[PDB]
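Just below is one structure, and these are the notes that go with it.
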Amino acid sequence: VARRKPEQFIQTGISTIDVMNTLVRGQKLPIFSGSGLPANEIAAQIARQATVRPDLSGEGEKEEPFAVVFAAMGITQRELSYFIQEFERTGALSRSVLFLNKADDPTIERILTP
Amino acid sequence: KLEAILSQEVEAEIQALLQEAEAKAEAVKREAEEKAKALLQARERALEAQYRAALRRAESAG
């Protein structure tokens, strides 16, 4: 009851989404990924090219701070650093909250942390 | 006369050829200006990028 239909779209920097599905606030959109397939590569693209329209939709929300939250649930040696070095590309490491869970970290905290 | 025919078969070729080669000497030179301009257009954007990134980094860092 407390929600209502959103309608302010964002630039994901991938054309295909912002035409066909239209990724708006308060909406989920899982990115299905196979096993033997990358998952990391594609994810990074959405994180450094996530940005509201300034008035291309008829308005912005750039007037209020945009920020990102992260939380990984099981990551190796490469996926650890790979994410961190693209967050310095993002320029966000002073306005983000990271809840990294590794595989060297307990297996029980893989469902707590979410 | 007959020598006046001879001067006209030449005088025709030697303007066709030299008009053609003053429009290749134009053409190469037009593309040469339009390239140097564009290799500096990409240089202009690059520097800007590096400054917009740079300042954001120093704001976050601080």
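No Cβ is skipped: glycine too gets one built from the backbone with ideal geometry, and neighbour counts run over all protein chains shown. No value in this document is a laboratory result; all are computed from the given coordinates.
For segment A:72-105, name all the residues that are more than 19 Å from A:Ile42 (Cβ to Cβ) and loosely packed, with under 11 Cβ neighbours inside 10 Å.
Of everything in segment A:72-105, those that are more than 19 Å from A:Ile42 (Cβ to Cβ) and loosely packed, with under 11 Cβ neighbours inside 10 Å turn out to be A:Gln77, A:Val97, A:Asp104.
Out of all the residues in segment A:72-92, which are within 14 Å of chain B (Cβ to nearest Cβ) and at positive phi?
A:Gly91
Only one of (1) closer than 30 Å to A:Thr90 by Cα; (2) over 30 Å from the mean Cα position of the chain (by Cα); (3) surrounded by 10 or more Cβ atoms within 10 Å (Cβ to Cβ) fails for B:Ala58. Which number is that?
(3)
I'd like the residue in segment A:55-71 that is more than 14 Å from every other protein chain (Cβ to nearest Cβ) and under 14 Å from A:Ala43 (Cα atoms) and, out of all such residues, is surrounded by the most Cβ atoms within 10 Å (Cβ to Cβ).
Within segment A:55-71, the match that is surrounded by the most Cβ atoms within 10 Å (Cβ to Cβ) is A:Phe70.
Just name the residue that is farthest from the chain's Cα centre (by Cα) out of those in segment A:28-44 that are in a loop (DSSP other than H, G, I, E, B) and surrounded by fewer than 11 Cβ atoms within 10 Å (Cβ to Cβ).
So the residue we want is A:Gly36.
Taking the condition out of contact with any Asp or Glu (no Cβ under 8 Å at 6 or more places or on another chain) and not small (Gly, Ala, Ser), does A:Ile108 pass?
yes
Between a residue in segment A:4-26 that is in contact (Cβ under 8 Å) with a residue 12 or more places away in the chain and β-branched (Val, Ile, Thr) and any residue that is surrounded by 15 or more Cβ atoms within 10 Å (Cβ to Cβ) and in a strand (DSSP E or B), which pairs come within a Cβ distance under 6 Å, given they are 6 or more apart or on different chains?
What qualifies is A:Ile10/A:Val52; A:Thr22/A:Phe9; A:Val24/A:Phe9.
Got at least one residue in segment B:26-42 being of a type outside the set (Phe, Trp, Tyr), more than 14 Å from every other protein chain (Cβ to nearest Cβ) and under 30 Å from A:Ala92 (Cα atoms)?
Among the residues of segment B:26-42, at least one is of a type outside the set (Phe, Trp, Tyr), more than 14 Å from every other protein chain (Cβ to nearest Cβ) and under 30 Å from A:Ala92 (Cα atoms), which makes the answer yes.
Filter segment A:93-109 down to residues that are polar (S, T, N, Q) and under 18 Å from A:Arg48 (Cβ atoms) and give me whichever is nearest to the other protein chains (Cβ to nearest Cβ).
Checked segment A:93-109; the qualifying residue nearest to the other protein chains (Cβ to nearest Cβ) is A:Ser94.
In segment A:80-114, what count of residues is obtained for those that are farther than 25 Å from A:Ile10 by Cβ and assigned to a helix (DSSP H, G or I)?
Selection size over segment A:80-114: 6.
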